[PDB]
There are 2 protein chains.
Amino acid sequence: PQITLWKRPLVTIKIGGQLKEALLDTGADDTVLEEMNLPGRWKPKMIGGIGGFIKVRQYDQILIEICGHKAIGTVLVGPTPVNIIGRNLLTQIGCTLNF
Amino acid sequence: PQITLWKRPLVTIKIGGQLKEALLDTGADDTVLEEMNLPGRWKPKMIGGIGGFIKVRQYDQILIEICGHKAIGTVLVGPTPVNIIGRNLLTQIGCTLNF
Ligand SMILES: CC(C)CN(C[C@@H](O)[C@H](Cc1ccccc1)NC(=O)O[C@H]1CO[C@H]2OCC[C@H]21)S(=O)(=O)c1ccc2c(c1)CC[C@H]2O
């Protein structure tokens, strides 16, 4: 749906058979999730933000249902304060900014 | 305009008679800009993100023209890796997420 920004643009996501809330973040190039058991192989990685940097596990080809729209892509898992859906996954469900 | 997310949603802003490029970030509640000389009084403040926290100068009632749309609101100035337009100003120009 079309979402106003008077509140945080949070949506319900399905990933690894698990129900979570994530932030539709146009300022994030990648998707980062709080710690979870995501199945498959991974490769260490590091991502930076306003506060500095955090170490994450990079998992490629992960299925994620975002508000009912399906997408497959890289999902990073690490000590993020919040689950953020980045542009890597937003492009797959056809999200756009409109003003 | 309508903006797709295959590339970073960067836009041109005018603040303090000075031209800059900023990221339209629906994941940011407020606006933070890299170091610049903005006129007036300010108030120290702590803001947190991925990696931790940074100290910034808070400027209230600041005018910003974002891609031709004018808005007035609080602008934080500090060691951000990139200029971010947060939800405080995105709502002023009528931005929405659509999918
Ligand atoms: C985490 C999120 C909940 C909030 N952040 C917004 C998020 O969009 C940021 C933006 C950014 C930041 C730095 C560099 C480049 C982009 N991206 C992000 O960390 O993304 C990461 C994963 O992808 C990677 O690519 C980009 C970076 C990597 S914030 O900036 O920490 C923030 C927090 C509190 C406040 C504000 C801002 C305004 C004042 C207060 O309201």
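Residue numbers start from 1 in every chain, and the chains themselves are labelled A, B, ... in the order their sequence lines are given, proteins ahead of strands. Hydrogens, waters and symmetry mates are skipped; everything else that's a heavy atom, side chains included, is used.
- Between atom CD1 of residue A:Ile15 and atom CG of residue A:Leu33 there is a gap of 5.0 Å, rounded to the nearest 0.5 Å.
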Could you walk me through whether A:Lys14 and A:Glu65 pass the salt bridge (charged side-chain N to carboxylate O under 4.0 Å, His left out) check? CA-CA 5 Å; A:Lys14 183 299 300 171; A:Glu65 271 155 84; 3.6 Å; yes

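- Under the 4.5 Å side-chain criterion, counting only non-hydrogen atoms from C-beta, A:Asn98 is not in contact with A:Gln2.
- For the atom pair B:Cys67 SG and B:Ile93 CD1, the distance stands at 8.5 Å (nearest 0.5 Å).
- Between A:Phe99 and B:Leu24 there is a side-chain heavy-atom pair separated by less than 4.5 Å.
- The number of heavy-atom neighbours closer than 6.0 Å to CD of B:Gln18, taken from other residues, nucleotides and ligands shown, is above 12.
- Here the CG atom belonging to B:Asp60 is positioned 9.5 Å from the NZ atom belonging to B:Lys43, to the nearest 0.5 angstrom.
- Taking every heavy atom of both residues into account, B:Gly78 and B:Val56 meet most closely at CA-CG1, 3.8 Å.
- Using modelled atom types, no side-chain atom of B:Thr91 and backbone atom of A:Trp6 make a donor-acceptor pair closer than 3.5 Å.
- Of all non-hydrogen atoms in A:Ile54 and A:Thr80, the two that sit nearest each other are CD1-N, 4.0 Å.
- A:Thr26 contributes a side-chain N or O that, together with a main-chain N or O of B:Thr26, makes up a donor-acceptor pair within less than 3.5 Å.
- Taking CD of A:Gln92 as the reference point, atom NE2 of A:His69 lies at 12.5 Å (rounded to 0.5 Å).
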Under the salt bridge (charged side-chain N to carboxylate O under 4.0 Å, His left out) rule, what do A:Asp29 and B:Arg8 come out as? Steps first, then yes or no, please. CA-CA 7 Å; A:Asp29 315 324; B:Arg8 283 182 297 151; 5.2 Å; no

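- Once rounded to the nearest 0.5 Å, the distance linking CG of B:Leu76 with CD1 of B:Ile47 reads 5.5 Å.
- Tracing side-chain contacts under 4.5 Å through hydrophobic residues (I, L, V, M, F, W, Y), one never reaches A:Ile72 starting from A:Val77; they form parts of separate clusters.
- Rounded to the nearest 0.5 angstrom, B:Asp25 CG and A:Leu97 CG are separated by 9.5 Å.
- Residues B:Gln58 and B:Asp30 are not in side-chain contact: their nearest non-hydrogen atoms beyond the backbone lie 4.5 Å or more apart.
- B:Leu19 has its side chain out of reach of B:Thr12: every pair of non-hydrogen atoms, C-beta onward, lies at least 4.5 Å apart.
- Pairing each heavy atom of B:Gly49 with each of A:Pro81, the nearest pair is O-CG, 4.1 Å.
- In this structure, the side chain of B:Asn83 engages the main chain of B:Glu21 through a donor-acceptor pair within 3.5 Å.
- In terms of hydrophobic clustering, with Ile, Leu, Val, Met, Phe, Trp and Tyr side chains grouped at heavy-atom distances under 4.5 Å, A:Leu89 and A:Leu63 are assigned to different clusters.
- Considering only heavy atoms from C-beta on, A:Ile66 stays 4.5 Å or farther from A:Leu90 through its side chain.
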Give the intermediate values and the outcome of side chain to side chain contact (heavy atoms under 4.5 Å, CB included) for residues A:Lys20 and A:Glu34. CA-CA 10 Å; A:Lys20 289 200 173 72; A:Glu34 286 197 275; 5.7 Å; no

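- The side-chain heavy atoms of A:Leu23 and A:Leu10, taken from C-beta on, include a pair separated by under 4.5 Å.
- Counting all heavy atoms, side chain and backbone alike, B:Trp42 lies closest to B:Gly40 at CD1-O, 4.0 Å.
- Minimum heavy-atom separation, A:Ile84 to A:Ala28: CD1-CB, 4.4 Å.
- Considering all non-hydrogen atoms of both residues, A:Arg87 and B:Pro9 come closest at CD-CD, 3.6 Å.
- Side-chain polar atoms of A:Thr31 and A:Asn88 form a donor-acceptor pair below 3.5 angstrom.
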